[PDB]
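J.: I would like the atomic coordinates for the input below:
(chains A, B, C and D)
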4 protein chains.
Amino acid sequence: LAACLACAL
Amino acid sequence: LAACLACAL
Amino acid sequence: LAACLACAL
Amino acid sequence: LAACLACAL
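T.: Numbering: from 1, shown residues only, chains lettered A, B, ... in the order given. Now the structure:
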């Protein structure tokens, strides 16, 4: 989940 | 954007 | 290890 | 890059 937030932004 | 980040975490 | 490879690329 | 992935695995 943390990585995907990161990815998004 | 900024606020979205703050929120998520 | 597997995840390290994934990430790098 | 494609070859080094291949190598790795």
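J.: Next one: residue A:2 from residue A:9, what distance?
T.: Distance, residue A:2 to residue A:9, using Cβ to Cβ, to the nearest Å: 12 Å. Backbone N, C-alpha and C define where each C-beta goes, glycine included.
J.: Please read the previous query as pertaining to residue A:3.
T.: Residue A:3 is 11 Å from residue A:9, by Cβ to Cβ.
J.: Any idea which residue is closest to the centre of chain A?
T.: In chain A, the centroid-proximal residue (Cα atoms, centre = their mean) is residue A:5; its distance is 2.1 Å.
J.: Spatially, and excluding backbone neighbours, which residue is closest to that residue.
T.: Once flanking residues are discounted, residue A:5 sits nearest to residue B:8: 5.4 Å by Cβ to Cβ, 6 or more residues apart in numbering or on different chains.
J.: Any idea how far the host helix or strand of residue A:4 is from the middle of the chain?
T.: Per DSSP states H and E: residue A:4 is located in helix A:2-8. Distance of helix A:2-8 from the chain centroid (Cα atoms, centre = their mean, to the nearest Å) equals 0 Å.
J.: now could you export just the CA positions of it as PDB?
T.: This file holds the C-alpha atoms of helix A:2-8, laid out as PDB (Å, rounded to 0.1, in the frame of the first residue of the first chain):
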ATOM      1  CA  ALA A   2       2.800   2.500   0.900                       C
ATOM      2  CA  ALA A   3       4.600   2.000  -2.400                       C
ATOM      3  CA  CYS A   4       1.400   2.500  -4.400                       C
ATOM      4  CA  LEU A   5       0.700   5.900  -2.700                       C
ATOM      5  CA  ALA A   6       4.200   6.800  -3.500                       C
ATOM      6  CA  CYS A   7       3.800   5.700  -7.100                       C
ATOM      7  CA  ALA A   8       0.600   7.800  -7.400                       C
END
